[PDB]
Amino acid sequence: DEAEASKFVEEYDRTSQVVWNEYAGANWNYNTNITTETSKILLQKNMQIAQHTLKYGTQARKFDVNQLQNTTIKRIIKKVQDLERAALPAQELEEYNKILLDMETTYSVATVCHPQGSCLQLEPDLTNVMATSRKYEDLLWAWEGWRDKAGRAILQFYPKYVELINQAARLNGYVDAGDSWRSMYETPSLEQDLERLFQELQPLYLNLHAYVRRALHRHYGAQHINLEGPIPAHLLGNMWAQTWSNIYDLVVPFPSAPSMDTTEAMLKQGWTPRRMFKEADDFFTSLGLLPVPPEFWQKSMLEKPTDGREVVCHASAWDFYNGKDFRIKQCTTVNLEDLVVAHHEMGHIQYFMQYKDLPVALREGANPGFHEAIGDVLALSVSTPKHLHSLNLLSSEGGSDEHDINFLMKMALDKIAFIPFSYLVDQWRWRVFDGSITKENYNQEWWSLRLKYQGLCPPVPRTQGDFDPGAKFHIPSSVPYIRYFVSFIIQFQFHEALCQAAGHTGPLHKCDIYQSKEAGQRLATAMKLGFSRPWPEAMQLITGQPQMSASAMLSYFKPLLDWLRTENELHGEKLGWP
Ligand SMILES: *[C@@H]1O[C@H](CO[C@@H]2O[C@@H](C)[C@@H](O)[C@@H](O)[C@@H]2O)[C@@H](O[C@@H]2O[C@H](CO)[C@@H](O[C@@H]3O[C@H](CO)[C@@H](O)[C@H](O[C@H]4O[C@H](CO)[C@@H](O)[C@H](O)[C@@H]4O)[C@@H]3O)[C@H](O)[C@H]2NC(C)=O)[C@H](O)[C@H]1NC(C)=O
Ligand SMILES: CCCC[C@H](N[C@@H](CCc1ccccc1)C(=O)O)C(=O)N[C@@H](Cc1ccc(O)cc1)C(=O)O
Ligand SMILES: *[C@@H]1O[C@H](CO)[C@@H](O)[C@H](O)[C@H]1NC(C)=O
Ligand SMILES: [Cl-]
Ligand SMILES: [Cl-]
Ligand SMILES: [Zn+2]
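Its first residue numbered 40, the sequence shown is counted upward by one per residue in the authors' numbering.
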């Protein structure tokens with residue numbers, strides 16, 4: 040009895056490696072070369088992997104998991120009983136796979152065109168406009184044009200997508216697809232836990248919001264900024280206003296302490312996409328973690344092709360499920376933002392290598408937020424003045440109190456501003472999936488949450504037919520988002536624990552873990568667990584306790600909260616908005 044179950048998981052592991060490796064290859068070939076032919080092969084391989092999933096999932100459901108004694112085999116079999124989309128009848132499976140392909144292709148080939156003029160892609164053209172333009176109407180053209188072209192074009196697919204992903208979820212024992220996504224955390228209290236964490240970050244976010252609102256009022260005019268209202272969503276340096284660091288120049292706390300232009304420094308010094316990934320590789324190995332294999336450098340796509348191919352530029356990391364072939368696909372631009380992205384993606388690669396000897400069913404992060412956090416932890420140290428100076432991208436190490444608050448502001452514009460955005464995306468989607476939001480009010484309810492959580496308003500009133508969520512990659516690509524909220528909380532918990540392991544003393548935000556083998560050992564032991572144990576065990580291995588907690592992020596930013604409160608008080612800001 041226990042014997043049949045052990046044999047079954049062995050057979051599942053062997054066959055899954057082969058099939059998933061074949062699917063990954065077809066998916067890579069489409070993502071890096073969008074054509075009719077690669078689309079057809081991918082859709083065919085979708086059917087092949089579904090046949091495998093159905094065969095083994097059907098067997099798996101004949102085991103009474105309650106009677107199995109070994110907890111690891113119990114855990115694997117329970118997971119294989121979830122067929123995901125392979126539970127759908129053949130006709131609906133074919134339709135679902137085609138919808139997903141059509142949505143991701145539509146997002147990735149959308150362009151915004153001037154009349155009798157040039158046509159702009161999202162990466163790099165519109166991203167660069169949002170990051171560097173300081174003209175209200177040019178920012179508005181890019182913001183509205185992207186939503187008109189990408190968002191509106193996804194709307195025709197989204198209702199049927201919702202119907203089919205929910206149908207598959209119900210066929211696998213869940214009430215809807217949002218329920219199935221939340222289950223990946225194995226935490227019944229998840230929704231309340233995340234709400235409590237969000238509430239703890241409100242002092243910092245509200246004070247940052249009010250300070251940036253005041254600075255935007257100074258630049259864009261009192262007629263365009265309401266000092267007691269939400270901020271127009273096209274003014275924050277980013278297409279989705281999800282990170283705000285590109286408007287640092289407008290909000291510098293201490294302008295008498297100027298910062299080096301890091302992009303021109305990287306360009307002046309001949310940085311390339313390959314250099315950026317080599318620096319990330321060096322940071323990981325400095326911690327005693329694993330180098331990427333030679334195969335990684337031969338097969339990765341680290342810059343946008345120039346030979347005519349259309350590609351999915353959105354950065355991503357790829358496991359080919361054979362323990363040797365790992366790749367990154369990124370349309371890298373030479374700037375500091377993409378250097379952080381490179382570290383993020385290399386953290387995914389590191390996790391793939393650390394758990395490569397587990398059975399494939401357990402080759403995931405402890406929870407999805409853990410997978411997202413590894414690269415970001417290292418990038419916190421990369422971003423310090425100490426490390427950037429060592430890369431020749433900043434002129435000094437910043438001893439002065441002024442430089443210190445400036446640095447904390449630059450970090451807050453990315454890390455704190457992202458908290459409400461990352462919370463709200465799946466608050467919206469969870470309610471779409473549970474039927475609380477219908478196609479009658481997709482967009483209205485999106486903007487209700489953008490207001491409630493982020494304090495943003497659309498610069499142009501939305502109209503029927505708008506589908507602004509469709510203009511954000513993870514929506515048409517059906518990638519869950521709450522992982523990134525979890526990641527941004529726990530990455531500071533990890534930073535704090537690794538800095539302690541490294542012997543750092545003094546303020547947390549001055550810590551740089553480069554070359555700490557003690558810090559690397561903590562990470563490696565946790566990553567090697569994969570998905571074999573409840574995630575609180577990996578949390579306790581890294582941090583010495585088992586909970587998610589905002590206290591580390593609050594500690595990191597404590598000097599900035601103090602500065603922001605004083606600054607906002609003396610200007611008389613009214614925190615929040617109606
Ligand atoms: C419940 O079942 C799991 C899984 O068992 C494994 O899968 C089954 C489907 C079946 O094929 C089994 O035959 C198979 O073992 C058990 O978890 C495994 O437990 C073993 C032994 O505890 C682990 O073996 C380890 O494998 C490592 C591979 O890198 C190896 O390095 C380890 O070496 C350690 O010990 C040696 C000798 O002292 C030392 O030199 C090393 O330095 C290191 O300390 C070790 O051989 C598997 O990794 C486990 N697999 C998983 C997925 O966890 C589990 O034990 C069982 N439960 C009970 C209560 O028996
Ligand atoms: C910095 C990384 C940017 C690129 C990253 N790319 C996805 C592809 C995920 C994927 C999964 C399955 C199939 C296809 C893709 C991934 O690697 O997680 C991403 O999207 N980050 C979020 C969220 C985010 C933002 C800023 C950060 O510092 C970290 C995270 C965002 O930019 O909104
Ligand atoms: C792109 O895909 C087509 C169709 O499969 C193929 O013939 C071509 O070789 C591919 N191009 C590259 C550069 O891989
Ligand atoms: Cl939007
Ligand atoms: Cl998730
Ligand atoms: Zn990621």
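Quick reminder that beta carbons are idealized off the backbone N, C-alpha and C, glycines included.
Please name the residue or residues paired with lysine 368 in a DSSP beta bridge.
-> Your numbering for residue 368 matches position 329 in the sequence shown. Bridge partners of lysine 368: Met340, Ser355.
For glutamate 608, is the beta carbon positioned less than 7 Å from some heavy atom of ligand 3?
-> By 1-based counting over the sequence shown, the position of residue 608 is 569. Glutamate 608 Cβ: outside cutoff for every heavy atom of ligand 3.
Cβ of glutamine 369 within 8 Å of Cβ of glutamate 384?
-> The residue you call residue 369 lines up with position 330 of the sequence shown. The residue you call residue 384 lines up with position 345 of the sequence shown. In contact: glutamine 369 and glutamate 384 (Cβ atoms closer than 8 Å).
Reference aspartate 507, options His153, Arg100, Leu194, closest by Cα | Sequence index remark: in the sequence shown, residue 507 carries index 468 (1-based). The option with the nearest alpha carbon to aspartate 507 is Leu194.
Cα-Cα separation, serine 55 to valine 201 = To locate residue 55, count along the sequence shown from 1; it is residue 16. To locate residue 201, count along the sequence shown from 1; it is residue 162. A direct Cα-Cα distance of roughly 27 Å separates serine 55 from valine 201.
Compare the Cα-Cα distances from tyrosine 394 to each of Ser571, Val380, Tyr51 and report the closest residue.
-> In the sequence shown, the residue the question calls residue 394 occupies position 355. Looking at the Cα atoms, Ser571 is the closest of the given residues.
Simplified DSSP state of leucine 159, which is helix, strand or coil = Translated into positions along the sequence shown, residue 159 becomes position 120. Correct three-state label for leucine 159: strand.
What span of residues does the alpha helix (DSSP H) with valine 58 cover, start to end?
-> Locating residue 58 in the sequence shown gives position 19, counting from the first residue. Residues 41-70.
Would you report the Cα separation of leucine 289 and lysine 449, rounded to the nearest angstrom?
-> Residue 289 sits at position 250 when you count from the first residue of the sequence shown. Residue 449 sits at position 410 when you count from the first residue of the sequence shown. Per the coordinates, the alpha-carbon of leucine 289 lies some 11 Å from the alpha-carbon of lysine 449.
Does any heavy atom of ligand 5 sit closer than 7 Å to the C-beta of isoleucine 458?
-> Position 419 of the sequence shown holds residue 458. For ligand 5, not one heavy atom lies less than 7 Å from the Cβ of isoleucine 458.
Closer than 7 Å: is that where the CB of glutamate 76 sits relative to any heavy atom of ligand 3?
-> For the purposes of this step, residue 76 is taken as residue 37 along the sequence shown, with counting starting at 1. Yes, Cβ of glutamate 76 sits closer than 7 Å to a heavy atom of ligand 3.
Does DSSP classify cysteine 538 as helix, strand or coil?
-> Working through the sequence shown from its first residue, we reach residue 538 at position 499. DSSP places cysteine 538 in helix when its eight states are reduced to three.
Return the chain-ordered ranges of every beta strand (DSSP E) run that is complete within the stretch 209-289 and spans a minimum of 3 residues.
-> Entirely contained in the stretch 209-289, not one beta strand (DSSP E) run reaches 3 residues.
Nearest-residue set for ligand 2, Cβ under 5 Å from any heavy atom = The set of residues whose C-beta lies within less than 5 Å of a heavy atom of ligand 2 reads, in chain order, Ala354, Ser355, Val380, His383, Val518, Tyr523.
Stretch pair the stretch 174-185 + the stretch 532-545: three plus CB contacts closer than 8 Å | Counting Cβ pairs under 8 Å, fewer than three are found: no touch.
Going by CA-CA distance only, name the one from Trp602, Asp364, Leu600 that's closest to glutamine 337.
-> By one-based count along the sequence shown, residue 337 stands at place 298. Ranking the options by Cα distance to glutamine 337, first place goes to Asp364.
beta-carbon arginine 257 near ligand 3 non-hydrogen atom, thresh 7 Å = Counting from 1 along the sequence shown, the entry for residue 257 is found at position 218. Not under cutoff, so the answer is no.
For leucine 495, name the three-state secondary structure that DSSP assigns.
-> Locating residue 495 in the sequence shown gives position 456, where the first residue counts as 1. Looking at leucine 495 - three-state DSSP - the assignment turns out to be strand.
Can you tell which of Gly347, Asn109, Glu535, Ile476 has its C-alpha closest to the C-alpha of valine 416?
-> As a working note, residue 416 is residue 377 in the sequence shown. Checking every option, the nearest Cα to that of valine 416 belongs to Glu535.
Expressed to the nearest angstrom, what Euclidean distance is found between the alpha-carbon atoms of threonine 77 and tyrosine 69?
-> In the sequence shown, the residue the question calls residue 77 occupies position 38. In the sequence shown, the residue the question calls residue 69 occupies position 30. The C-alpha of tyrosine 69 is placed about 5 Å away from the C-alpha of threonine 77.
As assigned by DSSP and simplified to three states, the class of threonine 150 = Sequence index remark: in the sequence shown, residue 150 carries index 111 (1-based). Note: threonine 150 maps to strand in three-state DSSP.
Contact set for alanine 65: own chain, Cβ-Cβ below 7 Å, skip 5 residues either direction | By one-based count along the sequence shown, residue 65 stands at place 26. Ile80, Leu81, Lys84.
Looking only at C-alpha atoms, which of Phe512, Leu328, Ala249 sits nearest to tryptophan 616?
-> Within the sequence shown, the letter at position 577 stands for residue 616. The shortest Cα separation from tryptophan 616 among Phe512, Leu328, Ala249 belongs to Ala249.
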